[PDB]
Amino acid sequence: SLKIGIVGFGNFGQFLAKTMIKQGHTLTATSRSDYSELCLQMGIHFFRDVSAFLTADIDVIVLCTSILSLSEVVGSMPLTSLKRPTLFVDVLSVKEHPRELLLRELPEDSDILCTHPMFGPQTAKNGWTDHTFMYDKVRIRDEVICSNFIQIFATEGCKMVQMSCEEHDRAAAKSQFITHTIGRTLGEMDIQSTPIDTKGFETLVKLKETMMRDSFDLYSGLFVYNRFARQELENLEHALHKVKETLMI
């Protein structure tokens, strides 16, 4: 049982909180917007003031804010007020950025665990089993607390993948970022089902619908803060152009 504080209690913060509560951990939260009533509903304590959140009795701080805002959020936190050395976990969709920034900004005696649960409310509605949880033990000295946190995902059946933040971003730029870009592009075309949909087109409509559920902040953070994304955007754009020219001749 862990005392887990969520920083950024939005869509994915709430998603993680439901399962950690179910396992019996003690959850608290803080966020830019006021989630007092939703935390009341869920049965957890919300701290309108980040300073009171950080002086509380807390084993793990999970950074669930948007990629775009992480630097501002960490910058606004009075981290010297931490009672104890504390494990910091990030769940951002890109990994080199939070690794670099937490190593730079956190107090040195705070541990760092960089993760990406490769799933969320769209793909893992009825549980985490067989979805991938990527993690990088960036700066761990309390292996007990870190293992307790990682076990949250192991006991839910996740496929557990240790890899560096760099290898994550290289792979994510080719897969997740391309998938979102295609979903977003179909969203601007506003593709719609017809009476003669093929199965392939049905999957694309569904892919469009699920990708459009993520914020534009999230999508844009995949591009801005993954140094490998720009070339994958080029690869996609160049390939489409080459396909077009085989048709145009």
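In case it trips you up, residue 1 is the first one in the sequence shown, and so on.
Engineer: Return whichever of 51-59 and 22-30 has the greater mean Cα B factor according to the PDB record.
Structural biologist: Per the PDB entry, the higher value belongs to 51-59.
Engineer: Would you mind comparing 188-196 and 220-228 for me and telling me which has the higher average C-alpha temperature factor in the entry?
Structural biologist: Higher mean C-alpha B-factor: 188-196.
Engineer: Just to confirm, going by the entry's C-alpha B-factors, which of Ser93, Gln176, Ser164, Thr129 comes out highest?
Structural biologist: Result of the comparison over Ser93, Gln176, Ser164, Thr129: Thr129.
Engineer: Pull the Cα B-factor of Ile140 out of the PDB entry and bin it into the chain's lowest, middle or highest third.
Structural biologist: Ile140: CA B-factor falls in the lowest third of its chain.
Engineer: Split the chain's modelled residues into thirds by Cα B-factor; is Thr203 in the lowest, middle or highest one?
Structural biologist: Highest third, going by the recorded CA B-factors of the chain.
Engineer: Sorting the chain's CA B-factors, does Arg104 end up in the lowest, middle or highest third?
Structural biologist: Its C-alpha B-factor, which the entry lists for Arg104, ranks in the middle third among residues of this chain.
Engineer: Would you check the entry's CA temperature factor for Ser76 and let me know if it's in the chain's lowest, middle or highest third?
Structural biologist: Its C-alpha B-factor belongs to the highest third of this chain's values.
Engineer: Grab the CA temperature factor for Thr155 from the record and place it in the lowest, middle or highest third of its chain.
Structural biologist: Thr155: CA B-factor falls in the highest third of its chain.
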